[PDB]
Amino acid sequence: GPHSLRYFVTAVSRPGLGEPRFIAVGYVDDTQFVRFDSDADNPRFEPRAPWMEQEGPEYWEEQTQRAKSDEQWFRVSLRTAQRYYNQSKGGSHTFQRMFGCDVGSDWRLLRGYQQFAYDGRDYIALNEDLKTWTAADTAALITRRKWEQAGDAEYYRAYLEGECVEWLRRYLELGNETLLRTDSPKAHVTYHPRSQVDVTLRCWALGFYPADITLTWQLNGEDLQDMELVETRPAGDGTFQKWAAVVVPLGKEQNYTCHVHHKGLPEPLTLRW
């Protein structure tokens, strides 16, 4: 079945107050496994899941060194972006990068990512062909041309195809117990008085992994009037939670049904009050 390795990296400039803060976080599927945070006295790349802890010093050394190279790159990029955009000096700005690989059942690279944002907006991104770049604007075009001259795409492609998938594979091995689990949601419906005419029904899905789920209300088996659907959220114990609420006329509660689709469900649930 499908899996992903992804890194999320951010530098924020703090002018007059020090060097930009630089953080990189690594995820395998929905699970965080590593970080580097420049805010430390002796910043090192660091484990963030139990199953990474037995990686030897050569792992953390190498990764540290690569994170620190990127730190310097991000400082240069912040300065350059500000120049290319004609922005007033001072001001805090952010540069972000998101990168990694997806695999299917396949263990051949299904998709690779190398994308960047300045101040929270697309700056440049490697397209799905892993050969060409989309520049978000006139500024990022300068960068694209420079990355074209250097042949950066092919270099990233070798990473995406080779080392990225190779290390995802190792990580799934190390974390196989946790990373490979399917926790199916426990769902129920709660009833809350609203007014002499109506009530709220809240459909919950609790304790599920991975995060992806579809949770919905129907009225007479047709889809579905306003519904409140909260953003999927961490329980903090490696499972997720979600609910969807609908305001219903008193005496027609039995008309409405909640539906939950999730990988760990043999058959999608239907709940009714």
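The numbering used is simple: start at 1 and walk along the sequence shown.
Novice: Check the entry and tell me how many residues of the deposited sequence have no coordinates between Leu224 and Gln225: none, 1 to 3, 4 to 9, or 10 or more.
Specialist: Going from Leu224 to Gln225, the model skips 1 to 3 residues of the deposited sequence.
Novice: Please work out which of 8-16 and 249-257 has the higher mean CA B-factor as recorded in the PDB entry.
Specialist: Of 249-257 and 8-16, the stretch with the higher C-alpha B-factor average is 249-257.
Novice: Would 211-219 or 64-72 have the larger average of its C-alpha temperature factors, as given in the entry?
Specialist: It is 211-219.
Novice: Whose CA atom has the top B-factor in the entry, of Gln96, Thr134, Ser77, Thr178?
Specialist: Comparing C-alpha B-factors across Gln96, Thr134, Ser77, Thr178, the maximum falls on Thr178.
Novice: Quick one: which of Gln114, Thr143, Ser92, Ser88 shows the highest Cα temperature factor in the PDB entry?
Specialist: Reading the PDB entry, the winner on C-alpha B-factor is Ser88.
Novice: Place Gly120 in the lowest, middle or highest third of its chain's C-alpha B-factors, as listed in the PDB entry.
Specialist: CA B-factor rank for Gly120: lowest third.
Novice: Rank-wise, by C-alpha B-factor, drop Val199 into the lowest, middle or highest third of its chain.
Specialist: Top third by C-alpha B-factor.
Novice: Can you work out whether the C-alpha temperature factor of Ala244 puts it in the lowest, middle or highest third of the chain?
Specialist: Tercile = lowest for this residue's CA B-factor.
Novice: Where does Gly151 sit by CA temperature factor within its chain: lowest, middle or highest third?
Specialist: Answer is lowest: the recorded C-alpha B-factor places it there.
Novice: Where does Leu229 sit by CA temperature factor within its chain: lowest, middle or highest third?
Specialist: For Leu229, the deposited C-alpha B-factor lands in the middle third.
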